[PDB]
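K.L.:
Sharing a structure, written as structure tokens. Questions coming.
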Amino acid sequence: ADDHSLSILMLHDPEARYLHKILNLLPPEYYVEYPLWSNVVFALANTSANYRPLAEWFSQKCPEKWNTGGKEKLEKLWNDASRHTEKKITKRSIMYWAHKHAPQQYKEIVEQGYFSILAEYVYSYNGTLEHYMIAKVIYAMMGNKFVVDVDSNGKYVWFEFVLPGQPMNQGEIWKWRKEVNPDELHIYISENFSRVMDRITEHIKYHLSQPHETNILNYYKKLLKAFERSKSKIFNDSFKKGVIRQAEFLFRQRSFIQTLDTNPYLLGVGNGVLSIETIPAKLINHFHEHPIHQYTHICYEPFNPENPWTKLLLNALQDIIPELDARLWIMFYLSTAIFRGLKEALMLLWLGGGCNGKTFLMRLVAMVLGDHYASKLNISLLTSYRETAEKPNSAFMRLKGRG
Amino acid sequence: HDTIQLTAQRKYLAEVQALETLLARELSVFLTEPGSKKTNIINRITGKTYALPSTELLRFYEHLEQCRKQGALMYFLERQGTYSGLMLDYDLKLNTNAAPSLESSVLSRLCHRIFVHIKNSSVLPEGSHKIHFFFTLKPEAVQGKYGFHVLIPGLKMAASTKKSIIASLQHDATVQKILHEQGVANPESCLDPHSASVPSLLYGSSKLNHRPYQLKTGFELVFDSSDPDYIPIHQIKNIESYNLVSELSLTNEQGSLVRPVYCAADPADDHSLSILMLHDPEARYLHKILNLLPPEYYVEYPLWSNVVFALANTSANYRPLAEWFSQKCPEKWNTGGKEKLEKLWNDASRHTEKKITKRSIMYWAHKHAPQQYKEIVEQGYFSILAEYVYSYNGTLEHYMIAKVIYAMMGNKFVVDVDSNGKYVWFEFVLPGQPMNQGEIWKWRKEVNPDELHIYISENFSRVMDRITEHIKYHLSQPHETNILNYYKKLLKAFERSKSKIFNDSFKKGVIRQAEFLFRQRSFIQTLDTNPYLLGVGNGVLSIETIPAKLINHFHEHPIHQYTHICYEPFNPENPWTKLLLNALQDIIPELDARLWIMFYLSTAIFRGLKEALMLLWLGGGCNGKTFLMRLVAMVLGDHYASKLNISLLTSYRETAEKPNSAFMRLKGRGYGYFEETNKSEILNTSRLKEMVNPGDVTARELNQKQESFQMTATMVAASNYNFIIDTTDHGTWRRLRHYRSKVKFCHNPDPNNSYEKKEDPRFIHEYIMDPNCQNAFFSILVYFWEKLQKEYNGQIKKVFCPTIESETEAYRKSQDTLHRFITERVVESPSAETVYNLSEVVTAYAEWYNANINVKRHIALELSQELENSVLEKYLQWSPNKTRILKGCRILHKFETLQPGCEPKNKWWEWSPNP
Amino acid sequence: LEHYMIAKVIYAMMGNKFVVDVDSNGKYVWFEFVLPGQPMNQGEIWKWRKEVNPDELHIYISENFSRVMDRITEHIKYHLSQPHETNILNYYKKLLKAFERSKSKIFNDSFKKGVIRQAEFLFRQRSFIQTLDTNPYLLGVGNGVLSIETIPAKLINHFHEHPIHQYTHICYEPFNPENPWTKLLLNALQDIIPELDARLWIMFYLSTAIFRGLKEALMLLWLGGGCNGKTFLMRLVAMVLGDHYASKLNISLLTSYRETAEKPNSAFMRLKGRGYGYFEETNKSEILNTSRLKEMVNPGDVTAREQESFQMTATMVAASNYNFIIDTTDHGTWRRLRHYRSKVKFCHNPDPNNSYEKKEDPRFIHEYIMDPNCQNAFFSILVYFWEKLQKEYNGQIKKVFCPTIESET
DNA sequence: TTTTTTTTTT
Ligand SMILES: Nc1ncnc2c1ncn2[C@@H]1O[C@H](COP(=O)(O)OP(=O)(O)NP(=O)(O)O)[C@@H](O)[C@H]1O
Ligand SMILES: Nc1ncnc2c1ncn2[C@@H]1O[C@H](COP(=O)(O)OP(=O)(O)NP(=O)(O)O)[C@@H](O)[C@H]1O
Ligand SMILES: Nc1ncnc2c1ncn2[C@@H]1O[C@H](COP(=O)(O)OP(=O)(O)NP(=O)(O)O)[C@@H](O)[C@H]1O
Ligand SMILES: [Mg+2]
């Protein structure tokens, strides 16, 4: 049975079966090249601890590499997956890669999965659908696009990953935006989920047309009547509200809010997210699993001295600060505003007679960092005595999360 | 399993309901308590005992026969008194599975020999009489074992004669051979010796979880005084039409055909456990569960004591279960176990330190035997849902589902009312489930029990499916048309009510009703009260004993707060441990000062009362002040440690009403520190003595009312300037300690200065965020706490440290003028006693202050009260006139010249274990 | 069946165990009398507990009323099986069908909520809250209720109808002079006060802390001569009386000048309905204010709040190391003050040559004041002293003869 | 809703 452990996992975990169907769609480079294979192994390990048979089967797609140290490679990669706390990818990346490399096969496979789940639920309860059933199907449909977690107020808060094309505010692409009410989920329950019910109706009508025993035909007719009665409830406001309220328990992800925007080396920009972990800095215009919510409206571009605006800004900086060493130190100090982590205990005091460009540069830095990362501070916060004992102080609260 | 059959029959059989109504309403006039002599009929299904006269006995027989006519199952035993009919019970063991037919010829031969025995062993009434015989046979042979009964209602005998006949029959070779030739392989022991006096089963009744016997045929024996030799036996016919309940009753007096032959005449402890089982389903479930435990739990004293304590804590009346469990080993029980059980039960009624309940027993049973535990508990779930399904015709409601859910997961969720008056759910986080980092093996707070929401729709649906399968199976069984119609209606109603568990409002109602069942009084009150238990990232750490133990298994300690730091045993060879020890060596040069500081900071682990000391740090900057204190706060976490605002210690408090959440940040904190102060800072002495003392303080929290809590935090303060303490109170100064920095970290240190060191940014930028260094420092703190406990009995006041005491004395002397006077002029000279009055000493102080410090107009009473505020209380006795007099000291009054009268070698953390 | 019928039957079944009344906020509040053998907090037995939601009533609706429902069903089935005319049989069949339709509603959350909401009118008892804990001769304890209205004091361990809600966790026991904790406390108390007449006067004054009504209101100026370690006995009195009956007060209340016409004062809201109040640990040698004494020492309703007014019932003790300054000649103030100076200290490293310095023992403060046995022994001592005062001097502390107190005052 | 905030006090 050790050789059949993959099938043992298949019979017990529907998600493992769905992944196995999905993994066959990946092009050959994802098991031939070491980086892609390692990424797939890491994603499988992070998704579930018992998904090792799937990784072993996938690594056997190239037996020559598997025999030449692949087994030990798989073993130490599996160990590092528990060891490595930085390689945070899951089944979402695998699904995205499969969808990118084969849209039609991925679409038909996942639609077959949806239909199987809904058909099982319909048959089990004679077509009387309820909130939890549609909640389960909707979680199957979008388990990797919405995440809900309990905030500090004890209120469930919905988050959505923004993809290109969908309506959005400017600059919130490739990030987890916060939804007061899951609008897209409400639209999806009535628009897209209704077509699966059409497939169920087609299946029932096809079985009715099929010649069967009179008892079987009567049972199918009663099932069709019940399903038609229960079909229109997905357009009801109260029913959808109950469905989404029940779906909050399935979309729940523990410690999602705790890890949101905690990495100081990742900076959200207008055209994606900017990673300054290693030089040169890289812009992420593609799918990623970094939990980043806050952002600035500025679109990042590589530094170019020949840009007319760059020339104008450099000339202005030269005009404002004559001395070269002073100019370099000021630019170095202001550049640390990009990083949101612990840094040197320094403060800069700038004195001037007036009308000498002080507020221009200081405010330009805050304008380019945006409100989520930069803020003006009240002078009374620095030259006045502290409030007595305990009183609320929103001026001091502005200091949280800002660089 | 008989419970399901009993409930079903009481539902769909109207005759069973009529019989029960008779037994509870009309025959209720003849109730008898157990053990009464009047008892003649017993219903052991309910355990009740009865005494019915002849007419009421006939009525009862009629109603059972009507119930027997419909194939109902019951268990009624007639109490055979001193004089009743003879009974013979045989349990047959066979060579093969072939059933011995017990042919009427063989039965006739056996009856002939039995009559020979009874006639030769007892006297018979004169004349001619007829004796009726009947034979009930077992339905099947199991593993070659069989049985049959020979009941003789007509032969009214005494117990002694019946027992003698049974013994003779057992020892008779003729009857043994007769049985052997039919197929009985154990004729010598088939007949039960106690058959004379055991209660007789009324026909149609069957033993608990046993199938009823089948009546094969009846025989009648005719004997005459004038013809005592020939023994004719006639087979009884028309046996299907008689009221067999009456005709097979041994004690019956008014039988239709049975006529009495007036021939010769001559413990509650076991019932208590059955009574407890019947009156409490949980006791029955525990009795089923306790059998799964391995023999160690009743042989070894610790495990047996733990089981006894858990049973006693679960319920006060669960003693019979403990007594039965202890009887698993007769040798150990007989050799003093009774007295041990008495003492342990008394202690459980007394003690309150071993807090274990049925949760631990369930966990042990699941660990040792998972499949059997699962089967038993799932059978319990199905049984519990069965009564609710049957009694209300499938219309399930919120309260029914809440009861089943509590029975299913009662040992994992607890709900209690907080201060706000709102019900708050708690869950015990077992491994292998989604959970935040470090909250494993602890009670976590949930706004909404989403796990219960998932559980209702995912696991309870399986019990629903089992109920549906049971209903379908009963439908497929051949039954009366009325029974089939009733089951069809029940199935329709249940199917209508089956999908309610997926509805949002229904689940909300079920959980709202379940809050009443899961409620546990005083759970929040006892939460996190124990100071010797500290929650950690990989379990819970127990510092109750030396060495400390890490609990990675099931426990019932009510612990909620925790720190994310994972505990590991102290190891000096760990690179992070070496790095931290070298950093400590660098931060504090003096060995005794370093030891005292580490011992003081080790007390931050303990969240109880302590020696009421506060540490004051002095340093110019860049000397590790923030690093060490913040490292302690980081390793202790937010729940146990917090930075404090300095205004909370240097200002007049807000009105009690005014919440003051900053003050509420001191609740439950083992450590608190203020990292920032002003150049010119006067600490408020009233605040200081209010916060360092072991005692109660009160303040309000946001969305809560007035509340008082003990003050149990280790207080540390750091600044660039000396604090100002405007008092000479000896009680205030004994609470304070002061230390001044020596080593300074800088980018370019002077090699000629041992107090200048090269700084390393990593200490505060990286070596305070790596979890490895955090947990190494936590291990160091635990080791130092253990060292303090084992060397100074936990009293920080007895730690020898010349540097700290000298610097504190200097700090006090720099502000306390009268302390300067006493230290420099008032010498404790036993050779210069020179008893002084308090006014003389006050004059001396005035002269000294005017001449040496500053000219000032003094007040005698104030000065006297202030030298009552000093160390002079050691000598200030009472004069015969009750005036304060100084004794045993010499005063240097005015300008008087004064008159007479270790380095660590290799491991500084293991320095001097011998002092 | 509808909500009001089940509410009526539930009142008939449990009308003598639950009482509901409207509080000052306009909300109906349920109260339950706690009998032995039911889940409860430690010490709430034989008293009324405040219930935000009647959990026990909710359980009782679905757990015990179902038996009455079953009796009704049995009656209906018995009549149905009885030989009757076809019309009566049809009527009983219809009645049984309707009852079975209505039988399962008692397990519904909304139905039970409506039943309890309708029951709030039947269980209503006017002016029940206003009479709670008004009797000063009844004191709620951990093992029942203590009554001091008669000599000797009597403990109640059976059913009673006194409206008592508040209590102290101290369990009452008869004063046994040979008990180890009683002996230890008696020896320490003898050590604290050397003078016998002063000791008896102090204990008789302190025993009045149990009684929660009006009394002579004489302030005691206990000057802790020698820095005795005053916290022990004074905090022990408040510990045995508990927070519901004893209050900690700040010395700033007596030294600060009278407030402005609108400024809120934090002390009087925590002072109401108490039997004991204490001031401790002076170090600034604060000057006391005469209007602040008049604000409380004279019997009558106090007016400053945070406006609200009420009567004064707390037994007051002022503990000082360094003498207060009373800047008045008013005989009306001096006649209400009493002064005593101690002569003994218990501290670390005392001189063996004098009895007035004794070896300290930190375990006293660290465990013994937290030890329940010490607390209940001290409570028994207080009860005995109150009984002795009542039976000897009729409870008036004015007429207690004590030369030491008079001379030192 | 209901509380906290604000108001009010320092
Ligand atoms: N590089 C530059 N060349 C020319 N004009 C400039 C330049 N930078 C800023 N200015 C202008 O100089 C003026 C002063 O700028 P501003 O930053 O507002 O002054 P400031 O130094 O902060 N003075 P003040 O706040 O009044 O004490 C504005 O009109 C700017 O547009
Ligand atoms: N053991 C050490 N070895 C080397 N460098 C250290 C060590 N401990 C601390 N540091 C350095 O000390 C510097 C300042 O320490 P820090 O504790 O933040 O200053 P501080 O003494 O609190 N001064 P201040 O902030 O003014 O209160 C850090 O940036 C580290 O580089
Ligand atoms: N009767 C006694 N016998 C022996 N030791 C005692 C006695 N009474 C008190 N002590 C000890 O004397 C010390 C005084 O404790 P405490 O009552 O807190 O003093 P204090 O000066 O009133 N304190 P505080 O108001 O907090 O500054 C403690 O160590 C007590 O344990
Ligand atoms: Mg610092």
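By order of appearance in the structure tokens: chains A, B, ..., then residues from 1 within every chain, and ligands from 1 in the order shown.
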What residues have any atom no more than 9 Å from ligand 3 when counting only C-alpha atoms (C1' of nucleotides) and all ligand atoms, and can you list them as a PyMOL selection string?

P.N.:
(chain B and resi 689-690+693-695+731-732) or (chain C and resi 184-185+187-192+224+227-235+280-282+345-348+358-366)

K.L.:
So that I have them on file, write out the residues from the current selection with N, CA and C atoms, as a tab-separated table (two decimals), in the first residue's frame.

P.N.:
```
chain	number	residue	atom	x	y	z
B	689	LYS	N	4.84	54.23	46.53
B	689	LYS	CA	4.43	53.27	47.57
B	689	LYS	C	3.12	52.59	47.21
B	690	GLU	N	2.27	53.22	46.41
B	690	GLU	CA	1.04	52.56	45.95
B	690	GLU	C	1.30	51.45	44.92
B	693	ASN	N	4.09	48.28	46.46
B	693	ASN	CA	3.63	47.48	47.58
B	693	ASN	C	2.86	46.26	47.10
B	694	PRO	N	2.95	45.15	47.83
B	694	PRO	CA	2.05	44.02	47.56
B	694	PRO	C	0.66	44.27	48.12
B	695	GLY	N	-0.29	44.55	47.24
B	695	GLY	CA	-1.63	44.90	47.69
B	695	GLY	C	-2.55	45.12	46.51
B	731	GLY	N	10.81	53.97	55.26
B	731	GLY	CA	9.96	53.02	54.56
B	731	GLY	C	10.00	53.18	53.06
B	732	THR	N	10.16	54.40	52.56
B	732	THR	CA	10.25	54.64	51.11
B	732	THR	C	11.61	54.20	50.60
C	184	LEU	N	-2.84	32.80	67.49
C	184	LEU	CA	-1.83	33.64	66.86
C	184	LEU	C	-2.31	35.08	66.74
C	185	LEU	N	-3.55	35.27	66.28
C	185	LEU	CA	-4.09	36.62	66.16
C	185	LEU	C	-4.24	37.29	67.52
C	187	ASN	N	-2.44	36.72	70.24
C	187	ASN	CA	-1.11	37.08	70.73
C	187	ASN	C	-0.57	38.30	69.99
C	188	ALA	N	-0.72	38.34	68.67
C	188	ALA	CA	-0.25	39.49	67.91
C	188	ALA	C	-0.99	40.76	68.31
C	189	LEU	N	-2.30	40.65	68.54
C	189	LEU	CA	-3.10	41.81	68.92
C	189	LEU	C	-2.72	42.30	70.31
C	190	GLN	N	-2.44	41.38	71.24
C	190	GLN	CA	-1.93	41.78	72.55
C	190	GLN	C	-0.58	42.47	72.42
C	191	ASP	N	0.27	41.98	71.51
C	191	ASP	CA	1.56	42.63	71.28
C	191	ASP	C	1.38	44.04	70.72
C	192	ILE	N	0.38	44.23	69.86
C	192	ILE	CA	0.21	45.53	69.20
C	192	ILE	C	-0.13	46.62	70.20
C	224	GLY	N	0.64	55.89	64.84
C	224	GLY	CA	1.48	54.72	64.95
C	224	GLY	C	2.86	55.04	65.47
C	227	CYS	N	6.39	53.56	64.21
C	227	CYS	CA	6.20	53.00	62.87
C	227	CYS	C	5.95	51.49	62.95
C	228	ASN	N	4.81	51.15	63.56
C	228	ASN	CA	4.53	49.78	63.96
C	228	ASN	C	4.52	48.81	62.78
C	229	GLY	N	4.20	49.29	61.59
C	229	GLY	CA	3.81	48.38	60.52
C	229	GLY	C	2.30	48.27	60.48
C	230	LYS	N	1.66	49.44	60.35
C	230	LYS	CA	0.23	49.60	60.55
C	230	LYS	C	-0.62	48.83	59.55
C	231	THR	N	-0.04	48.40	58.43
C	231	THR	CA	-0.85	47.83	57.36
C	231	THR	C	-1.56	46.55	57.79
C	232	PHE	N	-0.94	45.78	58.69
C	232	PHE	CA	-1.44	44.44	58.99
C	232	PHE	C	-2.88	44.47	59.49
C	233	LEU	N	-3.11	45.04	60.67
C	233	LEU	CA	-4.43	44.95	61.29
C	233	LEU	C	-5.48	45.73	60.50
C	234	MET	N	-5.16	46.95	60.07
C	234	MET	CA	-6.12	47.77	59.34
C	234	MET	C	-6.51	47.17	58.00
C	235	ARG	N	-5.57	46.62	57.23
C	235	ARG	CA	-5.93	45.97	55.97
C	235	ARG	C	-6.60	44.64	56.27
C	280	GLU	N	-4.47	55.84	55.89
C	280	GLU	CA	-3.25	55.17	56.34
C	280	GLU	C	-2.02	55.81	55.72
C	281	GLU	N	-0.89	55.60	56.38
C	281	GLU	CA	0.45	55.86	55.84
C	281	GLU	C	0.62	57.32	55.43
C	282	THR	N	0.63	58.19	56.43
C	282	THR	CA	1.00	59.58	56.19
C	282	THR	C	2.51	59.74	56.26
C	345	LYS	N	7.07	48.44	67.65
C	345	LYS	CA	7.37	48.15	66.25
C	345	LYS	C	7.79	46.70	66.10
C	346	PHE	N	7.43	46.12	64.95
C	346	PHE	CA	7.85	44.78	64.56
C	346	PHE	C	8.62	44.93	63.25
C	347	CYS	N	9.94	44.81	63.32
C	347	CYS	CA	10.78	45.14	62.17
C	347	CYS	C	11.95	44.17	62.08
C	348	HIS	N	12.76	44.37	61.05
C	348	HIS	CA	13.92	43.52	60.81
C	348	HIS	C	15.09	43.94	61.69
C	358	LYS	N	10.58	44.15	67.79
C	358	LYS	CA	10.41	42.71	67.64
C	358	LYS	C	10.77	42.30	66.21
C	359	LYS	N	11.15	41.04	66.07
C	359	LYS	CA	11.55	40.52	64.76
C	359	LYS	C	10.35	40.50	63.82
C	360	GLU	N	10.54	41.05	62.62
C	360	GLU	CA	9.48	41.02	61.63
C	360	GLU	C	9.36	39.62	61.02
C	361	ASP	N	8.24	39.39	60.35
C	361	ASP	CA	8.00	38.12	59.66
C	361	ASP	C	7.23	38.43	58.38
C	362	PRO	N	7.94	38.52	57.25
C	362	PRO	CA	7.27	38.88	55.99
C	362	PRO	C	6.19	37.90	55.57
C	363	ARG	N	6.26	36.64	56.00
C	363	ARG	CA	5.23	35.68	55.63
C	363	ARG	C	3.87	36.09	56.17
C	364	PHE	N	3.82	36.88	57.24
C	364	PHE	CA	2.55	37.45	57.69
C	364	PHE	C	1.83	38.12	56.53
C	365	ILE	N	2.45	39.16	55.97
C	365	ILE	CA	1.85	39.91	54.87
C	365	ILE	C	1.74	39.06	53.61
C	366	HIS	N	2.72	38.21	53.32
C	366	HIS	CA	2.69	37.49	52.05
C	366	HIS	C	1.69	36.35	52.00
```

K.L.:
Would you mind writing down, as a PyMOL selection string, each residue of stretch 227-286 of chain C that DSSP on the backbone assigns to alpha helix (DSSP H)?

P.N.:
chain C and resi 231-241+252-255

K.L.:
Could those residues be written to a file, using N, CA, C and O atoms, as a PDB file, in the first residue's frame?

P.N.:
```
ATOM      1  N   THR C 231      -0.042  48.404  58.430  1.00  0.00           N
ATOM      2  CA  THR C 231      -0.848  47.829  57.357  1.00  0.00           C
ATOM      3  C   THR C 231      -1.557  46.552  57.794  1.00  0.00           C
ATOM      4  O   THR C 231      -2.678  46.284  57.346  1.00  0.00           O
ATOM      5  N   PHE C 232      -0.943  45.778  58.693  1.00  0.00           N
ATOM      6  CA  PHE C 232      -1.444  44.437  58.988  1.00  0.00           C
ATOM      7  C   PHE C 232      -2.884  44.465  59.486  1.00  0.00           C
ATOM      8  O   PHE C 232      -3.796  43.991  58.800  1.00  0.00           O
ATOM      9  N   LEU C 233      -3.113  45.036  60.671  1.00  0.00           N
ATOM     10  CA  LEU C 233      -4.432  44.951  61.292  1.00  0.00           C
ATOM     11  C   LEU C 233      -5.477  45.731  60.499  1.00  0.00           C
ATOM     12  O   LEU C 233      -6.595  45.244  60.281  1.00  0.00           O
ATOM     13  N   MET C 234      -5.157  46.947  60.065  1.00  0.00           N
ATOM     14  CA  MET C 234      -6.124  47.770  59.339  1.00  0.00           C
ATOM     15  C   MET C 234      -6.515  47.174  57.998  1.00  0.00           C
ATOM     16  O   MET C 234      -7.703  47.175  57.679  1.00  0.00           O
ATOM     17  N   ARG C 235      -5.569  46.622  57.229  1.00  0.00           N
ATOM     18  CA  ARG C 235      -5.926  45.972  55.971  1.00  0.00           C
ATOM     19  C   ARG C 235      -6.604  44.644  56.266  1.00  0.00           C
ATOM     20  O   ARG C 235      -7.481  44.248  55.507  1.00  0.00           O
ATOM     21  N   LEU C 236      -6.311  43.988  57.389  1.00  0.00           N
ATOM     22  CA  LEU C 236      -6.997  42.742  57.708  1.00  0.00           C
ATOM     23  C   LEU C 236      -8.472  42.984  57.991  1.00  0.00           C
ATOM     24  O   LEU C 236      -9.327  42.168  57.625  1.00  0.00           O
ATOM     25  N   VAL C 237      -8.831  44.097  58.638  1.00  0.00           N
ATOM     26  CA  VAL C 237     -10.242  44.441  58.889  1.00  0.00           C
ATOM     27  C   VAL C 237     -10.968  44.602  57.562  1.00  0.00           C
ATOM     28  O   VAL C 237     -12.034  44.031  57.354  1.00  0.00           O
ATOM     29  N   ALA C 238     -10.386  45.340  56.623  1.00  0.00           N
ATOM     30  CA  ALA C 238     -10.997  45.513  55.317  1.00  0.00           C
ATOM     31  C   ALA C 238     -11.013  44.204  54.531  1.00  0.00           C
ATOM     32  O   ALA C 238     -11.930  43.964  53.762  1.00  0.00           O
ATOM     33  N   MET C 239     -10.034  43.330  54.714  1.00  0.00           N
ATOM     34  CA  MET C 239     -10.000  42.058  54.003  1.00  0.00           C
ATOM     35  C   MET C 239     -11.104  41.126  54.487  1.00  0.00           C
ATOM     36  O   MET C 239     -11.769  40.472  53.677  1.00  0.00           O
ATOM     37  N   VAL C 240     -11.311  41.050  55.802  1.00  0.00           N
ATOM     38  CA  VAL C 240     -12.379  40.199  56.320  1.00  0.00           C
ATOM     39  C   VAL C 240     -13.745  40.812  56.037  1.00  0.00           C
ATOM     40  O   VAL C 240     -14.723  40.089  55.813  1.00  0.00           O
ATOM     41  N   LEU C 241     -13.911  42.133  56.002  1.00  0.00           N
ATOM     42  CA  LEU C 241     -15.209  42.719  55.664  1.00  0.00           C
ATOM     43  C   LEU C 241     -15.413  42.693  54.162  1.00  0.00           C
ATOM     44  O   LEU C 241     -16.550  42.640  53.710  1.00  0.00           O
ATOM     45  N   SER C 252      -5.803  62.699  51.131  1.00  0.00           N
ATOM     46  CA  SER C 252      -6.040  63.949  50.404  1.00  0.00           C
ATOM     47  C   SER C 252      -7.460  64.465  50.634  1.00  0.00           C
ATOM     48  O   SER C 252      -7.678  65.674  50.638  1.00  0.00           O
ATOM     49  N   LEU C 253      -8.410  63.588  50.958  1.00  0.00           N
ATOM     50  CA  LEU C 253      -9.785  63.960  51.249  1.00  0.00           C
ATOM     51  C   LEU C 253      -9.906  64.840  52.492  1.00  0.00           C
ATOM     52  O   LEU C 253     -10.731  65.741  52.515  1.00  0.00           O
ATOM     53  N   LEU C 254      -9.087  64.602  53.517  1.00  0.00           N
ATOM     54  CA  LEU C 254      -9.123  65.366  54.763  1.00  0.00           C
ATOM     55  C   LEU C 254      -8.236  66.607  54.728  1.00  0.00           C
ATOM     56  O   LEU C 254      -8.540  67.575  55.414  1.00  0.00           O
ATOM     57  N   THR C 255      -7.135  66.606  53.978  1.00  0.00           N
ATOM     58  CA  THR C 255      -6.237  67.772  53.920  1.00  0.00           C
ATOM     59  C   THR C 255      -6.583  68.776  52.817  1.00  0.00           C
ATOM     60  O   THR C 255      -6.365  69.971  53.002  1.00  0.00           O
TER      61      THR C 255
END
```

K.L.:
In Å to one decimal, how far is atom CA of residue B:842 from atom CA of residue C:279?

P.N.:
29.1 Å

K.L.:
Please produce, as JSON lines, a per-residue contact table for chain B versus ligand 4 (criterion: any atom at most 8 Å away, only C-alpha atoms and all ligand atoms considered), showing the nearest atom pair and its distance in Å to one decimal, sorted by chain then residue number.

P.N.:
```
{"residue": "B:621", "atom": "CA", "partner": "ligand 4", "partner_atom_place_in_ligand_line": "1 (Mg)", "distance": 6.6}
{"residue": "B:622", "atom": "CA", "partner": "ligand 4", "partner_atom_place_in_ligand_line": "1 (Mg)", "distance": 6.7}
{"residue": "B:623", "atom": "CA", "partner": "ligand 4", "partner_atom_place_in_ligand_line": "1 (Mg)", "distance": 7.8}
{"residue": "B:624", "atom": "CA", "partner": "ligand 4", "partner_atom_place_in_ligand_line": "1 (Mg)", "distance": 6.6}
{"residue": "B:625", "atom": "CA", "partner": "ligand 4", "partner_atom_place_in_ligand_line": "1 (Mg)", "distance": 5.1}
{"residue": "B:626", "atom": "CA", "partner": "ligand 4", "partner_atom_place_in_ligand_line": "1 (Mg)", "distance": 3.9}
{"residue": "B:627", "atom": "CA", "partner": "ligand 4", "partner_atom_place_in_ligand_line": "1 (Mg)", "distance": 7.1}
{"residue": "B:675", "atom": "CA", "partner": "ligand 4", "partner_atom_place_in_ligand_line": "1 (Mg)", "distance": 7.0}
```

K.L.:
Ligand 1: which residues are within 12 Å, counting only C-alpha atoms (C1' of nucleotides) and all ligand atoms, as a ChimeraX atom specification?

P.N.:
/A:311-322,350-364

K.L.:
Name each residue within 8 Å of ligand 2, counting only C-alpha atoms (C1' of nucleotides) and all ligand atoms, as number ranges by chain.

P.N.:
A: 344-345; B: 580, 582-587, 619-628, 675-676, 718-720, 744-746, 757-765

K.L.:
Identify every residue of chain B that has at least one atom within 6 Å of any atom of chain C, counting only C-alpha atoms, and report the result as a ChimeraX atom specification.

P.N.:
/B:397-399,509,516,521-522,655
